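Next up is one chain by itself, shown in structure tokens, the form deposited in one PDB entry.
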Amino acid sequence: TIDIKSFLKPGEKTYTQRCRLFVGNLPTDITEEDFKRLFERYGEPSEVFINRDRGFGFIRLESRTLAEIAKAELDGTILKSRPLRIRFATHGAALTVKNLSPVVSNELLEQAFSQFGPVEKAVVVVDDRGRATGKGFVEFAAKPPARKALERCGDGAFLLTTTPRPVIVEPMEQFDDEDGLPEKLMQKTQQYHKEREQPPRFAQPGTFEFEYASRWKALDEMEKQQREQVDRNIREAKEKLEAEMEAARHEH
């Protein structure tokens, strides 16, 4: 048994879109007041929406952790004989930013993206040593500023620094690193059954499997070599352009 208050993370803004909890399998008689009542224990709600005919509703909570608690506690709970379906409503307004200068901080990224509309969170992604990857993410309070940000940065050249290095803005690709692929959600097809016939094993040298797997390892090596060759060519091209343009900087 334990008590806490304010499960907010340092630097986490309140009532973010990450705290948007979709609610499914609600009774048809559901009122907006009864819907709010269900989540009473998770503090003051926000962005309450209910589709009475469809039996689903959008709610939002103070922090990501309260939304995870509400989901953990309430998912499967029985309301008017039906088990509730509780999940998160996927961040439409999320963006992945690339081609960031190493001097761009979380603060500068937020400052820049705020030109498009209100920013919930902006993060410059760092590696294990704590050095900038050149990638970051920007989450807006609403979808119209994120679309504005996406469209304007795609057509025009958005610069964060003095050097005209344009920022690459793409929608954030949503991936689940928690639930993944459970056996219960996986269909037991005749292909599943044929592929799982042979257990996990090391391919034995000399065998047909080993020969095929050696060829696949060699193909993976060629892919790695070619991809590294592309990374190298991109660097040679950037070094030969910035050596021409800094000279051409004296044309007009």
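Take the two forms, superpose them, and find the largest set of C-alpha atoms that agree within 1.5 Å; that set is the rigid core. Numbers for residues come from their place in the sequence shown, where the first is 1.
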task: Quick one: say whether 102 to 110 or 122 to 130 has the higher mean Cα B-factor in the deposited entry.
output: 122 to 130
task: Could you check the entry and say whether 77 to 85 or 154 to 162 has the higher mean CA B-factor?
output: 77 to 85
field: Selection by C-alpha B-factor (highest) of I69, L61, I50, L185
entry: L185
- prompt: In the PDB entry, which of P45, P199, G206, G57 has its C-alpha at the highest B-factor?
  reply: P199
- prompt: With respect to C-alpha B-factor, does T96 fall in the lowest, middle or highest third of the chain as deposited?
  reply: lowest
- prompt: If you rank every modelled residue in this chain by C-alpha B factor, which third holds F137: lowest, middle or highest?
  reply: lowest
task: Ordered by C-alpha B-factor within the chain, which third holds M172? Give me lowest, middle or highest, please.
output: highest
message: Looking at the temperature factor on the CA atom of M245, which third of the chain's modelled residues does it land in?
response: highest
message: Lowest, middle or highest third: which one holds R227 when the chain's residues are ordered by CA B-factor from the entry?
response: middle
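We do not show the form deposited in another entry, though everything after this point is about it.
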- prompt: Hey, does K80 budge by 2 Å or more at the Cα between this form and the one not shown once the core is superposed?
  reply: yes
- prompt: Once the two forms are fit on the core, has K188 moved its CA by at least 2 Å between this form and the one not shown?
  reply: yes
message: Tell me whether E197 is among the residues that move between this form and the one not shown (Cα shift of 2 angstroms or more, core superposed).
response: no
